[PDB]
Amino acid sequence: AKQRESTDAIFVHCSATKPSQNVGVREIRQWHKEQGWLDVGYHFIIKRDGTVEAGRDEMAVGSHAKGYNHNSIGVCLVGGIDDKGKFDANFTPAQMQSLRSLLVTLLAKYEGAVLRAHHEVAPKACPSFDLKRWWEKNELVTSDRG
């Protein structure tokens, strides 16, 4: 098992859970290991009250964006779908506030890293919001692109 060579990107994801699912790394680590992986695939989880919990070691290869696990940080927001199972940007004010300082901290310490939304690189709606519009205007809108 080993550490990454470089950190070209910080990817943002959601856990694809509903509002009522107040979960964190204890549960998502358990869910990922029942699916056959060795640990939680994300380096950071932001719970719905804004608590950021650490997953994999900040410097290790994780499993969150395939073909990119070798050179990136994966950050996960708890939420992402409504009760119908559709993608929905239902993240809390407090989650978005913690996310924005974690990312300013991360972009600063990983010289040259770029900030990315999983849906830019894979056919998925994850993280369920338009990353550029929230990073720039502080507007949260439900989206499969951006």
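All residue numbers are counted from 1 along the displayed sequence.
S.K.: Look over 113-121 and 38-46 in the entry and identify the one with the greater average Cα temperature factor.
M.R.: On average, C-alpha B-factors are higher across 113-121.
S.K.: Per the entry, where is the mean C-alpha temperature factor higher: 98-106 or 60-68?
M.R.: Per the PDB entry, the higher value belongs to 60-68.
S.K.: Name the third of the chain's ranked CA B-factors that contains residue 138, choosing lowest, middle or highest.
M.R.: As the PDB entry reports it, the C-alpha B-factor of residue 138 lands in the middle third of its chain.
S.K.: Pull the Cα B-factor of residue 22 out of the PDB entry and bin it into the chain's lowest, middle or highest third.
M.R.: Answer is highest: the recorded C-alpha B-factor places it there.
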